[PDB]
């Protein structure tokens, strides 16, 4: 219970890595806002499983990448935190929600690009901007990046660009927020089983396993344990940092 008394927002917490992060933070004693876009039943399962194991949670619906998305998010977040704790204080922020798309660089449209950049970099920036008014000293901001910012992959170039824009938040905000003692950091998972049918195809799973020096794709729990650490007092002297959680995928 090292996060006892703390509050946390995890975006994209209805499934995958975000679900795992939400479960781990919850288990550590934080009140967790489990955020989602359209996965309402899934978000409620994640919220229940935190409570089931002795913690505290609720869900917040906000479709990111459209106008007024952050407003919707923080209206639901701050209301939920008020009614439950008596304040709007947000101690921990995990920008996890993300979209992925594969395709030849030749076939990328401007619509695809805007969507990618809107969800993966723009929303996170404005979520941080909005979080600054309600985040107490000693707060934590963690952005879930991708190892593809260090590994060339033409089929994922626009995704890559969007994550490279995301990583800049940690660098520039950690300087802004130093005297508030708010740490801002990027976690880069490698290929991670997010429970979607793609990781069931044995040939595809073989290929992705090869990329880690461990010979496996990651379980979401493995990323979640790194995020839990960054959220704790134990990671207080880490800020503006790129954390390689790819299982040795970035070895060249």
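Residue numbers count along the first chain shown, from 1.
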- Which of the two stretches, 192-200 or 33-41, shows the higher mean Cα temperature factor in the record? 192-200
- Task: Decide which of the stretches 95-103 and 141-149 has the higher mean C-alpha B-factor, going by the entry.
- Result: 95-103
- Query: In this PDB entry, which of 163, 172, 180, 122 has the top CA B-factor?
  - Reply: 180
- Query: Based on the entry's values, in what third of the chain does the Cα temperature factor of residue 112 lie: lowest, middle or highest?
  - Reply: highest
- Third of chain Cα B-factors occupied by residue 210: highest
- Compared with the other modelled residues in the chain, in which third is the CA B-factor of residue 250? middle
- Query: Among the chain's modelled residues, which third holds the C-alpha B-factor of residue 60?
  - Reply: middle
- Can you work out whether the C-alpha temperature factor of residue 50 puts it in the lowest, middle or highest third of the chain? highest
